[PDB]
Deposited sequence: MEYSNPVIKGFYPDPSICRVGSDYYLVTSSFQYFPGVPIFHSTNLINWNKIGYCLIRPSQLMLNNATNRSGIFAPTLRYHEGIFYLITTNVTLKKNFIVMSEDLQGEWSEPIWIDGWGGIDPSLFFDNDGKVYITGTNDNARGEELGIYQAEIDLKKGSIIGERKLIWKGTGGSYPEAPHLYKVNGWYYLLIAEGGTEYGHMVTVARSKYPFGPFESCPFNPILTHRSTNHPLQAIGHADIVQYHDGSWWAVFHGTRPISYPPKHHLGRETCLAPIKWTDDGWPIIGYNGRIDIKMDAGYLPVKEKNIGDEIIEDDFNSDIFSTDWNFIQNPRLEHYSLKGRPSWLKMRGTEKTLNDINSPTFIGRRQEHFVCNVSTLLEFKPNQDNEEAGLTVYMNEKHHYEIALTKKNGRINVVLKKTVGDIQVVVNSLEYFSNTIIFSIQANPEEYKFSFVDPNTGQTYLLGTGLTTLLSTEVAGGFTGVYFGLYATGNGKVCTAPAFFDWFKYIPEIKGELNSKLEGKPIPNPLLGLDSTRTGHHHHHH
């Protein structure tokens, strides 16, 4: 039996996994998007269902001034004696913290801030003797030696017990990070990432008889990498290990699916799965001797996407994210029941600090995305539409607006410093359907006059100008609904009737 990588497609980086009984839970990083830290459930490690998010209240998730280069970095999920612990860094705050839950169907606790614990990629390990360890990276603010640092932790207080110790510098790759500590068959294993989360990414491992070392580097490090290969999966690493309930061992990790030359990726880093074998001499081997594939052998794992939101519910679906903390008063499912009402502010998609926007990840190279908008702009600056969005300097949008007192449909692009109106046509109806067809190379932007059903191709745009390599940051493309007054508050409401996401 076979499965395909990635197992969670689209922008789902830094996967951390946690087993409870015969069920599995997984979390990913979310940067500037709100709510933060998607959480998934699976029974077979292959098929994952999003249960919701971990950070859903402003007290848990302060994203003022966050961008796709900041906000929430790698989260780690652990379970002990009926309690889930989620530990992560808000890089904008420069703070590490824990939230807790006894029930993933309910909400998580207020943050327990870990004072004086710096760096990114905090992790927790519950040792068999009852001791709890926090492991993490060098603190940049301080200017510490690159490497992996560890201490005992008191979980109630969120405070370190005893001394913080450097435990391993790694094999010598850049950015030693993503540390997780495990104990298997009497050995402590320290699993890390090196090389940076781009084309040099790799997984390395060390072991010791003691939780604080000394750690011996695995003689066949790195144990997983696609560096220096032209494989369709690239930038592989940031791994977390699980033992399935049949006793077999597996790792989750992220990778990219770049296209073009030099390689460029626009779907973000995506969650992948590979089996682990243990050597006779007590080392883990990931995948096919340190390499993985798109099609993989499922071993004994039990093998087994059209999304349509008509805005009938007064609760937002779990597909939606906002750019930073939403200004709640600017979105309404109740103002006009069965529609989403959005109120544009002075902020545009070129601005980092909460523009009026709600969006969902692009999770497929080939898909069709559409929405119906009612919008009657009162003034020339006023605009609402559908965006393909990577960050504040890299986005395309098809929108209704006004120019010299005439309503126009426009295709607009921001790429770096370039802000261009690509095409503009007069439009004569109160509602419009926007439709975007995505393929690996380009987006095609069309609009439909709803009453006639007549379709019009407005223009196209390249996927590669939205790629991470071009745009910067750590994220993937989103499709979003937005409104703006382009420097002034928008005086006209935007009403979106529905949103459809149809993969090939």
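Undergrad: Lining up the deposited sequence with the coordinates, I want the ranges that have no C-alpha atoms.
TA: Coordinates drop out over 305 to 310, 511 to 543.
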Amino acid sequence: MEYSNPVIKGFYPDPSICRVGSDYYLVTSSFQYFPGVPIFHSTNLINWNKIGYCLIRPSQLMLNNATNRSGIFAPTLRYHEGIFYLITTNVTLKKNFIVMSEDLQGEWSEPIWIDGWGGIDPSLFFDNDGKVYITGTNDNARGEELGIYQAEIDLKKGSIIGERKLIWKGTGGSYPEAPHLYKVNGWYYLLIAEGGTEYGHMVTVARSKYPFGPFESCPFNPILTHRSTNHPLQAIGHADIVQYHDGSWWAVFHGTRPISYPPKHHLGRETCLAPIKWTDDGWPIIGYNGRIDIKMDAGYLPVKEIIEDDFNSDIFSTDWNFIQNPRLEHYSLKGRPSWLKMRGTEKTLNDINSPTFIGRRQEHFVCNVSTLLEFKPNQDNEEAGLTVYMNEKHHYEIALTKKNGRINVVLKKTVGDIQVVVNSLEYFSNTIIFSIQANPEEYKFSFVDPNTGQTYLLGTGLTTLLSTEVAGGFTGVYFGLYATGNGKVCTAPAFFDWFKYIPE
From here on, numbers count along this sequence of modelled residues.
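Undergrad: So 258 to 266 or 213 to 221, which one's hotter by mean CA B-factor in the entry?
TA: On average, C-alpha B-factors are higher across 213 to 221.
Undergrad: If you average the CA temperature factors over each stretch, which comes out higher, 161 to 169 or 368 to 376?
TA: Per the PDB entry, the higher value belongs to 161 to 169.
Undergrad: Compare the CA B factors listed in the entry for 66, 51, 45, 27 and report the winner.
TA: 51 has the highest C-alpha B-factor of those listed.
Undergrad: Just grab whichever of 387, 101, 414, 317 has the top CA B-factor as deposited.
TA: Top of the list by C-alpha B-factor: 317.
Undergrad: Consider only the C-alpha atoms of the modelled residues in this chain, order them by B-factor as the entry records it, and name the third containing residue 61: lowest, middle or highest.
TA: For residue 61, whose C-alpha B-factor we compare with every modelled residue in the chain, the answer is the middle third.
Undergrad: Please place residue 301 in the lowest, middle or highest third of its chain according to the CA B-factor in the PDB entry.
TA: Its C-alpha B-factor belongs to the highest third of this chain's values.
Undergrad: Name the third of the chain's ranked CA B-factors that contains residue 232, choosing lowest, middle or highest.
TA: Middle third, going by the recorded CA B-factors of the chain.
Undergrad: Among the chain's modelled residues, which third holds the C-alpha B-factor of residue 71?
TA: For residue 71, the deposited C-alpha B-factor lands in the lowest third.
Undergrad: Sorting the chain's modelled residues by C-alpha B-factor, tell me whether residue 177 ends up in the lowest, middle or highest third.
TA: For residue 177, the deposited C-alpha B-factor lands in the lowest third.
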